[PDB]
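Before any questions on binding or motion, here is one chain by itself as structure tokens, the form deposited in one PDB entry.
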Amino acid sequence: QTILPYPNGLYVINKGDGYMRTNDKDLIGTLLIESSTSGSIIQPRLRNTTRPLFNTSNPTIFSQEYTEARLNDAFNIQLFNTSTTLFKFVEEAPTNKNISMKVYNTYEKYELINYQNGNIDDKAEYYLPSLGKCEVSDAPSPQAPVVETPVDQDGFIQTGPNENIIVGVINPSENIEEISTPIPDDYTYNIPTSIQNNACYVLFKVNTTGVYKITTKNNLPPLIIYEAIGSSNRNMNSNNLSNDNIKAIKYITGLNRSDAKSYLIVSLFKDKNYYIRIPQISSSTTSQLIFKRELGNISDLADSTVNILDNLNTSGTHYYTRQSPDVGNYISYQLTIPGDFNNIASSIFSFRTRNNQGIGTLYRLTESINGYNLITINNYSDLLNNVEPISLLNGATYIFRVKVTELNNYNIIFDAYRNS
């Protein structure tokens, strides 16, 4: 029931091992091991058959075969209902007492969800057959008084260690485009007309490791970038992008909100493959994808969506609702102060956030024939309660970086309060 700081799409969540049904529905058996004796229960795989458990909220789309396909994209699981993996338990009873050995079949719980705007619209649970659980304890007394006990509720209980590993997968209904050649310092990609019919992903790699600015020529629509998990250090070609059809993706930064005018600043390594998801462009005018390697401390924004703020030439509150980054991650805002530029002319501002807490950093963006450069103007250790005002040169451009420290809500609200 917690917040999921991820963009719209499909995710496979490994919710842990040791899952089993109630009422001993997965009990293999119990051995009474007398003192100075050893007992053992074995799953020898004399038959490789296993029985997975499946549960879906939408049988039509999220069918078992479909869910299995997702699990394959996420963790690359090959075998779903067979196993050659053996598991056995051995226990010796002490000289003084008798031991009870119970063994149960278990499952790893994989959750498939269709996450849309901070909400789960579809969901399936796939219980992958696991390698069992064994409980040993002092043998109960054959005379222990029998207690009428009502059966528990039908369901699952978790027996293994706490685990919750989220893995995003390429949405199988959105096509994949590919920039064959490693992108140089500058590059422009023309978004195919297919973008009019549905979102797509653009697979690529950079020739040189560094920080990059990526965006559409009008900072619209917003872009999202992912890393192809496990893509690093495999097949490689200096003059060509070797594909691994890796459908497992790690969200770096980006947003889904329609009016989030912005561009991305991320750190890219040449030995890895990345995916940029371009939303559906419902227009007849060809859009573009511009890539540019950045030199300089613009890298301070490394892995962040820089939201360009609009409608500033007014007084009072200036709210901007955006999907909140996860605790520890960034989200930036770019401000070009209303008015013309002459050092002296300024305007008073008070930066603040509303849903989530974080650490702010105010930068003064500057230009040079050697790229950009940020000058730290001030830092904020409390944005949710900031009241300290700051005067900014009119006609100048500032970038405010927020590091989330508390994820209370799906959206993080930024307030660029204007005092004058």
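Residues that one form lacks are left out of the comparison. Throughout, we count residues from 1 along the sequence that is shown. Between two forms, the rigid core is the largest collection of C-alphas that superpose within 1.5 Å.
Below, we refer to the form deposited in another entry, which is not included among the displayed structures.
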With the two forms aligned on the rigid core, which of the residues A302, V136, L295, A345 moves its CA by 2 Å or more between the shown form and the other one?
-> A345
Yes/no, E65 Cα shift of 2 Å or more between the shown form and the other one with rigid core fixed = no
2 Å or more on the CA of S391 between the shown form and the other one, with the rigid core superposed, yes or no?
-> no
Examine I369 after superposing the rigid core and state whether its CA is displaced by 2 Å or more between the shown form and the other one.
-> yes
Residue pair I369, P184 - Cα distance in the other form, closer or farther (3 Å or more) = farther
After superposition on the rigid core, which segments of 3 or more consecutive residues show C-alpha displacements of 2 Å or more between the shown form and the other one?
-> 344 to 347, 367 to 370
